[PDB]
Structure formats: structure tokens, C-alpha cells
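Chain nomenclature is as follows: A, B, C, D, E, F and G, assigned in order of appearance, with residue numbering initiated at 1 for each chain independently.
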């Protein structure tokens, strides 16, 4: 948000330093970087910015962005997921099964080579297990398959 | 026609602050303003909006005011600062639409060829999706109505923009239960049942209400039509709709064996690493 | 000729003769009927090709509006032999532009229920069946909205 | 007929319409050509399958059946949704 | 029939041949080749088990 | 005493053959439909039974043996005569083949229908209420067990 | 044993001909027919040396000819040698029923209206032996086809691809879950 305030040059005979409610200055020095901001603490002293929010506005922005990311009438996209679960999912299920064969026959080399090299030293090379993400996609498969009974019946 | 309209958060907050503008006069005033956007495609885009003077009294309740000159000079300002931006329509507060809510569009059809409206709600008691949008078409009837000029809704949502993402997603800081995965959708899974229920409650209330009042309202065309559409598609048959359930068994099958095989192995491998680093640091510590 | 077009409106080749046999003699032009019937080898070719086109004209809605059909009704709706019917559906199934199974040892044959053990018979039936209701939902919502705010 | 077990055979057509056997197929394919029926035909039993009915003007018993069956659907949807919500509510939390 | 050129079944008292087919058997490969390898996974982990025990 | 039975010597030891083989011959007798092999083993190793304190097998295991035999032969023959299966399973009489197969239906083993005029027991086959119901119940057990593996794995991993 | 071309006359290949006998005595089990004719019948380098011995070519052209009575003659010779031969000692028993079911498959595939009245003349004798053998092999969860008593009917189930679909997955998950039970409870004492 970043706001500023200009200082004069006539009042450098006098001081510049009453700074009431000291917390604001020590808060100003933390959001902060540079050599040139450090060179522009002269001619500039900032000022704290804060935020007050209408609970009406907060709650209707919550309406918008926790309700309107769900879509209209709210059944519509979940029944569309139910449309996915019998026509499109089996193709990415084939992709999942091919990944969970091909990645697996080389990630069974991994505890072998853990026993081989050392007790757990530095990163040897490229690949990893990465199975957890593919399993989470399979969890998406099962949850939207659970959606089928709920939506389709009644 | 229109595919759907894409409303951004800035215009909705630009309605809320407008209600805050005219909330001090209080007495009898709805919120009415002018919509700005961009005709992108069959889909519609909305970027900005602003105010308009408007009032409406009690006796002979067809008294309504749209300043053309305000529109002229302030659209000159907004066109002067942004030439990408131009008019697309208007809006108002929308508790619902009343009878006088056609004359605004019938004024400013000479500005936008399809002057689209937006109905919002400043009071978020709506557990549905706000920012309703209509569009006026004609549907001239079998009964020989001369011209029925009726607003019809085209669907709407809240869209995204990179800077307004920074804005909104910083202005919340409030609630995040999602951990997006198997459970970012279950809150909305309660919502889809409950918000079919609210709409159906409006349906049964309307059906009971048409018999009592409206004198014989009952919708006269689109009651029997869309009611028989309802009465033509609740498929509860039992010949092979039972036989979708070995495909349901197949849906269960893949995830069962993926979970049962790989989940246990990964957690076991992590147990291996934990107990190796447990006992081999235990023999060095103690 | 336009009655020949829309939804087949079931047409009979003998009635086609009864309404079309005047083109060889009457009227004033007769020259496309000279291109049909004048050259007698082209006359024969267009006799048999008119036969082929009327049986092809049969077979479209014979596929559309028959989950099954009997072989005898095929015989009495093509006005030709059972074996000529089998030959027409044989080369129009090696055409495979109409799926068929002319099970002739009982006459009960079936059209356009191709195999269907698959997902789709429940899948897309069920899901169009539900989501057409879901998309008509909002339309009758705004329809009732309009007709309550027309008069209230 | 209440639109559930409604696959009609040749007999009641030839009884109502009082036309002979080999004309009911013309009779149904005429309506299929027009589009005031959206069904299909088997002919081992001459069962003309019904996946269609005409939207008809709402009468008093139609008013009552509308409200009653609409409530019948509504309370079932509500009663099952409440059980889903309460069964998986505390894991939403 | 024997050369898999054809999917039929014969009759002797009737002389009737009948054609029928059901192609997809992807589930068997789909899960079995996972499980056959995960056998070797756990057999690889046997050594780490014997190392942590003794 | 169930009806499903594993091969026991999957954990056989070189210090075990003495104490497995009569008992393995017993389960060898049970894993066929015969009962004349079964009845000899009681009089054979009843002293072994006196040692092992397991007399209760012999009063009721004949029931499971004949259920296994009738299950096997009912899966074999589509349409069987009672006056053949009875003498094939030494029942000595055809009239209680009605009784034994009638409680192979009453006890829920077999579905097979009988004309009790000619004495033939025809059996039919079906699927797909299998596939609608049967596997998913087992998968529920499999995943309840593997998620319990996951639960115990994490809650014993978290000591460091 | 696919190669049989550059398999040097060795000490363990103490006869290249014995290598040929082994590679036919396992290829008559392994695949059904989608390379079987092409390798051992349409091939030539194997064909000359199987043309050398009579007994090798005997069972090949028998089973490919489906001579349903000389099968156990050929199998009697090969099996009595299989008794007195090493590295088949826990193996020859399941071998025989394997050949039996592999012949019964290609028999029962063509016909659905067949019975013991077709067996007695084209297969051999002892109708009760056919009865008990097919009874045990069908009730062994193998080669699904249903047999009738004195009405003299052996009917087949035309697809056997409903539960074999479901089969091997549960049959491997059993052993893998039984593995991970004990081996996961090995840690933490």
C-alpha cells in the first residue's frame, strides 16, 4: 500500500523527532528494503495504513468468493462431475494406471538403492516417488463417484 | 445473443458503496446505477460502473428519471481515461424487478444495442448466487399478444483478473477450510442439496400461491409446458439403471487398489526412515 | 418429389408408379424423362436405381422407428422377395451405414439397438435426463418470477 | 396412464382408434413424423414404446396432483439431504 | 473359431451359428501388474525390516 | 468347520511333519466330497483326538463335508438325479437325497429346482447381483483395514 | 526359449535336440494360438529338427489336428519320460491336467450341443471317466460349461469372461494384504 510524507529543508536547524505512539515508526522500518529507501529516509517519512471492513461487505464478499466460486443453482456443476464420472474419468484412469505401473517399477529400485548408497545422504538424481499426487487424483475419482448416488438418486 | 455475463468484484463493491452514498437520505430510495463493460464474445465482460440520479414517488408510480447529460459527460470522462472501456448497460439494487423496470432499458437501448441489466442484493441474506442478470427479448404469443417484451435471464458468476485476485484474496484473510482436494467440494456438496431445496421451496410456494391469488395467474403457457418437462424426466427405472452398479463397483475398484497398495507402502517407507533415524540417533544420543 | 423428402411419410413404389407414370407421355417437357426412359439401358438402370432408392428410402426410418421388425413386414413393405431383402440388407450392411441383424430363422430381426452393454445406455440417458431438468429449472424460476411481477 | 408402466401394445390403439392391424404403424409413424410422440416401436408384440406425453392444461385434479407430487419429491430430497448433512457434518466442522 | 478369426458357436441338431462378443478386459492388467510389482516392492522392504530388527 | 479351507503346510517346518501329517491327512479327506475317507480317520486317530482334546470336530464336521460335496457336484452338474448323487456320496437311499438337497436349498447353499415326481435336480446360473453387491463389501473391508494401517502407521511414526 | 537359432551346441545344451524337445514341451502350454502356428508350424528352422524326431512332431500335429484319442498315447510316452526326467519332479502332475484342460478348451469352444455320445467315438472310452474328469475339472473353477445327467447333454457357457475379470485382482490382493499385515506389524515390536 506504501504511503509517504514529505519533509522540508528549512526545519533542519530544529529537530524532526517527536514521533508520538512509537509503535508506528518501528513498524515502518520493517516493511522496508533498499540502499535507496535508506537514502530516502530523508525527504520522506512514511505513515501506517490499516484496514477496516464492513461486516456486511465482508460477509457478502465471503458470499461472492466462497459461494460464487460454486456456480449457479449449485446442483449444476456437481451433476456435471457426475457426467464426468462415467464418460471421461476412465480415460484418465487409464493414464493413472499406466503411470502407476511405469513409475512404480523404477521406484522399487529406490529402497534398494537407499540400502546401497548411504544412510540418507544428499540428493543423487532426478526422479522421486510422486505417487501421492496421482493418488489424490484417484481420490477425486472416488469422491465424485460418491457424488453419483447422491445426485442421481433423488 | 449472450453466452453469460462475467461480473467482477469491483462493480459489486461499487454498488455497496453507492448504497452507502445514498444511505443517509434513507426515506424512500432504491439503488440505481449505470453499468460499464466490454462486449468480448458471446460471453460478456464487466469492468467498471458508476452512479446515476434516480427517484420514484408514491402517487402515479411511473415517475422515473435518467439524466442523459450526466451519462454524456461522465461517459466522456471514462472514455477519455480509458478507450478500451465503453458502455454495456445498467443495474439497480434489485430486491426483485418491479413494473417500472422496463423503461430504463427502453431509454438506453439507444446507447447499447443490447442494454443488459444486473440485479444484485446489497443485503446478503441470499444464500443463493447474487448478481442476477436479465436481457429483454420478445416471445410473441400464440394468444395473439401484439408484442410481449420480456426480460430473460442469462446466467452469471464472478470472474477473475490478476490484480483483483491480489485485492480480493488479500481483503479476505478470514476463512480457508479447503486444503483443496477431497474436501474443498463437500461444503458446496451440502450447498447443492440445500440450494436445490430452497429453490424447490420457492416452487411449492408459488404452486400453492397461484391457486389462491393472481385470480387465475397460473402461468398459462409455461406451467403445463415446463411442468410436463418435469413430469417427463424423473428416470427411476430399474432395468439397467440397476446395471450401472458394476460400473460403480469399477469406480470403487481402481481407487480401492490404488489406496490399499500404494498408501500403505508409502506410510511404511516413512516408518522405515523414521525408525532408522530414531534408533541410529538413539545409539548416539543415549 | 418433396413428399419423398421429409420424415419419409411412408411411400409405396406402386403408388409412386400411380403418381409418376405420366412423365413418359404427358406434360410438355419429357426430356429428363427422356434421359431416364429414352435410353433403354439407362431406362433399365433407372428402373432398378429407382427401386434401389425407394428401398434405401424405406431403410432410414425402418432403422429409426423399429427397435425390432419382423421379416414378413419387411417383405410386405418392400414388395420383393425375402432373399432380395436379404441381399439389400447384405450390401447395405457391408456398407455398414445402417447397423442391422437380420435374424432370419425366426423372422424376429432388430435394428439400431446395436449391442448396448456399455456405460452409455445408463450414462448419457441418465445424465441428459437429469440435467435437462436442471437447465429447465432456472428457466421456469424466472418464468414464475415474470408472471408474479406482471400483476402483483 | 400415469407414465410409469406405459408401453402400449397394438390392441388398445386398434380399439380406441378403431382401425385395423396394418394401419396402426402408419398411425404412429405419422405422429413420429409430426413429433407429437417421441417413442419407438417393437413389433414382436407390436409394442409401441412411450417416452413422451403432451403438455396439457392444468385442471383442478392436475393442480392437486401437481402440489402433492411436488411436495412428495421435495420432502424426500430434504429428508435425504438432512441425513447426508448430519452424517458428514462434523468432519466439515 | 480356432484361429480367432471369428467369434461363433455351432449347433449340430440345429445347424445354427451364433455370433457374440464382449471386448474389454483392461481391469485385469490394470490391477494385476500393479500388484505383481508391489510384491517385489515389499520384498525389497524386507531387507530394511531385517536391518531395523537386528 | 467353515467350508472354505486353506492348505495348512504353507508354514510347514522340518520339526513339524510328525505333528502335521495325520492332521493334514484329515484336511486332505475333507477337501474332497467323499465321506468314506472321512469316517475311517475318526477310528484311525481317535487316540490322537484323545490327546488333542478336539472331539467336537467329529460330531459336526460331517455336516460341512457333505455341504462341500453337494456344493462341488451342484456346481458340476446342471441337472442331476438324486438317485445318482446319493449313491455317489454313499447316502444309501434316494429319498433322503431329497432331504439333504432340500436343506442345501433351505440352508441357502444352492438355488437348484427339483421335480419331486421324476427326481431330477436342475440348477441354473446368474451373475450381476454378485457384481452389484458382492465385491464392494469386500473392498470396504480391504480399505477399512488399509486405512487402519495408515492410522497406526502415522500415530506410531509420530514419536519423533 | 524363443530363439532356438544361435544356441551353441553346449555342455548344458548336451543335445540341441533336447533343447528342441524342451522348447516344444513348454510352448505346447504357454500360448494358445497367436504365435503358436507361426513359430512351431509355420517356422522352418524348428521344423527340420522336429521333422527329425517322430514323437516331437507327433503331438504337435496331433493337437493341431485335434486327434482326441492319440493324445494320451503321445502324452503317455512324453509323460513316462517326464517321470524319469529331472527339473520336472514337482511339475509333471499339474502338467497333465494342464494338457487335458488345454485340449478340452479347443474341443468345447466350437460346439454347444455336445455330449458323451459325441465323446465315446471321437475321444475314447470310459464314459464314466469322461464324467468324473470333466466333473472335477469344471468344479475346479476351470473351463466353465454345465453338464446334464441321463438326458445326455453337455452345454457350454458361451462367454466365460465375467468373474475371470474380477478374479486375479482379488487373488493377488489376498496374498499382498496377508504379506503387509504381518510385515507391518513386524515393526514396533
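Heads up, the rule we're going with is that contacts are C-beta pairs under 8 Å (C-beta built on N, C-alpha and C of every residue); 3 or more make two chains touch, one makes a residue touch a chain.
Chain by chain, the UniProt names read as follows: B = 26S proteasome non-ATPase regulatory subunit 7.
Compare each chain's C-alpha centroid with the centroid of every protein C-alpha atom shown, and the nearest one belongs to E. With respect to chain G, maximal separation of chain centres occurs for B (centres as means of Cα atoms). Chain geometry summary: the mean Cα position of chain A and that of chain C are 58 Å apart.
Centre-to-centre spacing of chain A and chain E amounts to 43 Å, using the average Cα coordinate of each chain. Chain E and chain G, compared by their mean Cα positions, are separated by 17 Å. Among the residues of chain G, those touching two or more other chains are numbered 166, 169, 173, 176-177, 180, 184, 187. Touching of two or more other chains is recorded for residues 22, 27, 30-31, 34-35, 38, 41-42, 45, 48-49, 51-52 of chain E. Listed for chain A are residues 72-73, 75, 86, 97, 100, 104, 111, 150-151, each touching two or more other chains.
Only residues 96-99, 134, 150-153, 155, 199, 202-203, 206, 209, 213-215, 217, 219-220, 222, 226, 229-230, 233-235, 240-241, 243-244, 247 of chain B touch chain C when the two sit together in their complex.
Residues of chain B that touch chain G in their complex: 253, 257, 260-261, 264-265, 268, 271-272, 275. Within the complex, the chain G residues that touch chain E are 33-34, 106, 109-114, 156, 158-159, 161, 164-169, 172-173, 175-176, 179-180, 183, 186-187.
Put simply, chain B touches chain A in their complex at residues 9, 12-13, 16, 122-124, 126-127, 129-131, 155-158, 168, 171-172, 174-175, 181-182, 185-186, 188-189, 191-193, 195-196, 199, 244, 247-248, 251-252, 254-255, 258-259, 262-263, 266, 269, 272-273, 276-277, 280.
Against chain D, in their complex, chain C makes its touches with residues 6-10, 61, 65-70, 73, 108.
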